[PDB]
Amino acid sequence: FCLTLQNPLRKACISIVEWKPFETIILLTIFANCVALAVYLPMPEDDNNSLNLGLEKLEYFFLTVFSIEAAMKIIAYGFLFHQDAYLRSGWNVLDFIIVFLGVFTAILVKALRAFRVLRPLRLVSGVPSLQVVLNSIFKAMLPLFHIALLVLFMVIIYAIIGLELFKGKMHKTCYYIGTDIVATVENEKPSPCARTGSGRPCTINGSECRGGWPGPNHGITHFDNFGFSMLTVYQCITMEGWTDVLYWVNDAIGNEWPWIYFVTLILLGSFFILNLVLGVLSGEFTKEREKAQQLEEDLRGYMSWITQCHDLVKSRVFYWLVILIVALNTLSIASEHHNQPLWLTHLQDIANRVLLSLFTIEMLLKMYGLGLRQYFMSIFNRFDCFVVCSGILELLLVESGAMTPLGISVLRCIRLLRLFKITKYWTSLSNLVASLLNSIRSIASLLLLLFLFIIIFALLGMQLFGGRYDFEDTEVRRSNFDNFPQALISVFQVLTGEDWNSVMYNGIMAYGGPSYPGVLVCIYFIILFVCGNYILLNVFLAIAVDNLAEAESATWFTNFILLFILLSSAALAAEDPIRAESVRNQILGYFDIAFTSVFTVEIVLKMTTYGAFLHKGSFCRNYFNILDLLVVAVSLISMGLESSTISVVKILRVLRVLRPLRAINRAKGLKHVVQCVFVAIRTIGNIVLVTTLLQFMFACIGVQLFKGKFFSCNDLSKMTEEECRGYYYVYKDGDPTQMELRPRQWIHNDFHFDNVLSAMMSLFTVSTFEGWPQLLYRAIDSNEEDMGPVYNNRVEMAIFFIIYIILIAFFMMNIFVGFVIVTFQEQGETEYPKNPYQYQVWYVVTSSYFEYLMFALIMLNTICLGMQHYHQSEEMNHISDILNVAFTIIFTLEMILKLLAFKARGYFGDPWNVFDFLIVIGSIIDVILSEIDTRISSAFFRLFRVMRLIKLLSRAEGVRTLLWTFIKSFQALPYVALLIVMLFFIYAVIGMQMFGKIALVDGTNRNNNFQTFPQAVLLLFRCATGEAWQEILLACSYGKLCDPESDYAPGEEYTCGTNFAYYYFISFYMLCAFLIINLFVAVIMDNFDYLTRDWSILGXXXXXXXXXXXXXXXXXXXXXXXXXXXXXXXXXXXXXX
Amino acid sequence: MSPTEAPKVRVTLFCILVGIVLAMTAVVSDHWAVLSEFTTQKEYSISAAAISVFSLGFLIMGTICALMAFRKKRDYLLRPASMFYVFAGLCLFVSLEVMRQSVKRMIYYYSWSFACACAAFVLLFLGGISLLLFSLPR
Ligand SMILES: [Ca+2]
């Protein structure tokens, strides 16, 4: 369309702009923007300023340049120019800058400075293909929208639910009373949620210290306003720190079932994020469903073919057979290094000079490899060097042929890198690894866009949070954007989803606490990882494609007895009986009574089962049984149960549950997913080996770089972990009038890198994405041997954690993809009347003009629920009563209206109506309960009043249907869930005594006690969530004294009552991991294996609309031609749609 | 309907009447608690509960006479409403139970068997009614 327009000089200047150079200029000056701003962030702290103070003009420089390009834009296409997206955003940013400094000139506030950070996107704006990338990412968001709302729906539904019971608890959380030693009773009148702390007391005063707040000291999380509940629901959805919400609420009445709420919430948020993964993978299958070098190799190899005293060495270029045998010998040489990489490393703090003469052996292996590279040099001279790998290995062996020089011990540490040469083996696996690395070339651009998002978000963050940064009292503050790298590590922090929470509660707390403008700051985090993790989720699809591209590439009488069906029936009654008995034994106290009859029962079942093994054994088993899983399972059932209680621990009663487990084999549905799993582990075992080898690599890295470190003192004020001795002040809060002595120092830092085994230890913890930044930070306090400190010493070390984490972002992410592909092939394997006045009222109601009306009524009820502020004092409460009365009357009235219809079918027919009837019932009942108020359960009834919202979902057509897909999906996978229970149900009991009697205290073991079985179910449930388990693990290595009221032991105490048992948690995380993997594949096969196809159909065909066409078919009969004529109108209408 | 709708409900109804009698005894018992306003209110809740229960029973026998002499969705409608009213009455009994428990806390004295019997009654009514309600869809 353009505007105004003019010839003359304008066309010439535009022709100049049609050239080339200007592009590079604008781009590079944008780069100048990026750099200058990245510096500009350093620092801030309100006023002061330093070097940036001159840059302050320079942004005006960029301004005027860009503005000159705007003068060029005048020559562009005006209104026609607006149509371009990149040009649109560019013009936008231009307006932000013009308005920016244009406001600034009058100033001769900080929001303008925030608007400064908009610039970097222009870097994308100048770059081709990134537009293709982002145009791709936008497409991804659509086939997800429903579920997002569903999340929001839960986020609302739970909120309103939280806006009841938890709002009823909002009456609790907002207040407290207490005194004396922090021993006030929990959850029994006059009780309250406590601040975390290593002690907790909260001076207020309120007698001797108060005792309960969490709306601000814990930060916002309080359920009072609907908004804050929406917040706490976000973080609880994040599967991060939420359990603290639980122990808080539970601290104050009570252990009823808050857990039902948090468990349903966790499990569902889980369910549907898994569904998100399903949507993404569905996009993968969508693109791939239609989507589904030898020449040069022949060239190089045949040139090598024609290519074919020193001449004896030329004979040695091919000779001889020994060169094969020598490879076996070579396996020894690297093996000597395989220990040496540890042996030169082991131990730590100068302990054990294991490399007493190992250096000579290193010189010897260096001599052998040098002899090999030398003979290879004799083999073909320069042609041997033509291959880069040969000269590389030769340069490595020569590097080992060097010397102790020099001062950079990391060069000595490169010997660990020399160990990589041992990875040369493993035939064909390297090719698969090449297939893996090949994907990186594809995903790298998107990774760069991720780097960009990281960049903009980081800078803006720096100019926001760190743009104030300051927070008087009282450490550790951790990362808080005080400097650009700091913001890097912290953005990357919350990006992991690790403990972002505390960051955020430094965030809102930074702006003077919650109010009205400051709380808005929260939005950033909500903008952030919710999109940021989303960006990560987006990354999956890339791999999802690339990886699939690779995929695209008179004994007879007893025989009558055991085989008898009646014997199996007595075995069935025995099954129900033994199950009832073991379930009776599920409580810890059951053994205290007469459990012996149950032992006789389990003995009978073990007898019949071992007899079944005896029956199968006589019929061509043995070696077949050695091959077959089942008969081997029964024979192993025979031998393992026979293991003595003496010598190596065992407990036969725990095996009593196992005897009926064989019946699970009779189910076939589990066998498909299971066969899929056994097919899966074989499919990607090499990757697992690669990961473990990475564990070795980073192990060797950390050990010969950190071993002297971490032997921390208290605090930094001691440095030398030997200079440490005696007491040490601790000032509570900040005031230098509240001293408390402590026999402090030293500290083992929980996870030494003194040992490569310990390296496997801690490195696994960071592998969990759980608790690492603490380890990171203290790693940054490192220096020399026995010393910590300080602040931000040795920042370069921080680079390392990230690097490894980045690799975790690869293969782990690959792992989950792998399963899916087999399943995708597995799915392919799976593919292999009315009358009188009633006639009048029915006509009026059936018209469903009321539908929009009733809908509006419901939404207004929603807003009435939004009214729920529990500040002070009354007035509005009575109004709320009146409102609830209003809606309940309107609704019950409406149900009466519907009652005035089919009646015999209106009371049922279509099921939701019945549900509505339920609603009316609970509504009226609760109302009467309100009348009787002139009682605690009435809250649980008001829940029913909240349940009305679901009716909105009833109106949510082409959305609830997806939930119906979830419903049809729901059944088949449930069989696995029993094992999902059983995996706990075993280990819990298996732990229930072992880790039992660990004493309640205040460690990681208080309201989170291991005591009764159900609580054990919880403490093993946290581990499922990746919720700070390692601390709990740390508690269990030696623990405390008994339950400090139990049988204890004797005079013995001294926390001696617990001992090493890392294996339990460690193994359990993995078992839980694999079991959950099974949960993935189960959900997938039972749903998206159909449901993704359902997305493909609903997005294109009309299989779903056809049901609506049948609904049109309802308004008819059953023939004949007259029915065809009456339906001809609706038919002629339908086909157009 | 279906024959299983008779045979399965044939099982649940026994627990239903059982918990019904258990409830009748639960109210009737003078051994509500050993004795070494909110109580009255909870008693009223028990009244509405039992009333809802008897109404549900009328709905049930009505459902039987209906299914005997009508299609099904009518009789099934009578049943579902019965499971419903019995359910809400059951939950109401749970409410009166918890309320009486808390009132007991307000109060020597000791717990009596009639109370827990009422609790198991309400439980049986809860699962049972949940089943009969579940039976309606299928
Ligand atoms: Ca976590």
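Easy rule for this one: first residue shown is 1, then count along the chain.
Per the header of the entry, the method used was electron microscopy, 4.2 Å.
Heads up, the Cβ atoms here are built off N, Cα and C, so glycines get one too.
Considering the side of the membrane named for each residue in Swiss-Prot, A:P517 and A:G909 do not coincide.
Cross-referencing A:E240, A:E256, A:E1045 against the Ca(2+) binding annotation in Swiss-Prot, which names A:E498, A:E770, picks out A:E240. Helix, strand and coil counts from DSSP across the topological domain 'Extracellular' (A:871-878) read 3 helix, 0 strand, 5 coil.
For the disulfide-bonded residues given as A:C174, A:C193, A:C1042, A:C1056, the lowest number of other CB atoms within 10 Å of the residue's CB is seen at A:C1056.
Tertiary proximity for the transmembrane segment (A:849-870) is limited to same-chain residues at least six positions away from its ends with a CB under 8 Å from its CB atoms, namely 160, 163, 167, 170-171, 174, 224-226, 876, 879-880, 883-884, 887, 890-891, 894, 897, 946, 948-949, 951-952, 955. Helix, strand and coil counts under DSSP for the motif 'Selectivity filter of repeat I' (A:238-241) come to 0 helix, 0 strand, 4 coil. Neighbour density around each Cβ, counted as other Cβ atoms within 10 Å, peaks among the disulfide-bonded residues A:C202, A:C209, A:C713, A:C724 at A:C713. Residues 146-147, 149-150, 271, 275, 669, 1079, 1082-1083, 1085-1087, 1090-1091, 1094, 1098, 1104 of the same chain, all 6+ positions outside the topological domain 'Cytoplasmic' (A:957-974), place their C-beta atoms under 8 angstroms from a C-beta of that stretch.
Note on the intramembrane segment (A:757-777): residues 476, 478-479, 489, 493, 496-499, 695, 698-699, 702-703, 751, 798, 801, 804-805, 808, 1026-1031, 1066, 1069 of its chain, located 6 or more positions outside it, place their CB under 8 angstroms from a CB of the stretch. Ranked by Cα separation from A:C724 (disulfide bond), the disulfide-bonded residues A:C174, A:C193, A:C202, A:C1042, A:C1056 are led by A:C1056. The DSSP breakdown of the topological domain 'Extracellular' (A:466-485) into helical (H, G, I), extended (E, B) and coil residues amounts to 2 helix, 0 strand, 18 coil. Panel annotation: around the transmembrane segment (A:21-39), residues 51-52, 55, 58-59, 62, 65-66, 69, 72, 116-117, 119-120, 122-123, 126, 455, 459, 484 of the same chain, lying at least six beyond its termini, place a Cβ under 8 Å from a Cβ of the stretch. Restricting the disulfide-bonded residues A:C193, A:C209, A:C713, A:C1042 to those with a CA within 10 Å of the CA of A:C174 (disulfide bond) leaves A:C193, listed by sequence position. Beyond its flanks by at least six residues, the topological domain 'Extracellular' (A:575-586) meets 595, 597-598, 601-602, 605, 653, 656-657, 659-660, 663, 985, 989, 1013 of its own chain at Cβ-Cβ distances under 8 Å.
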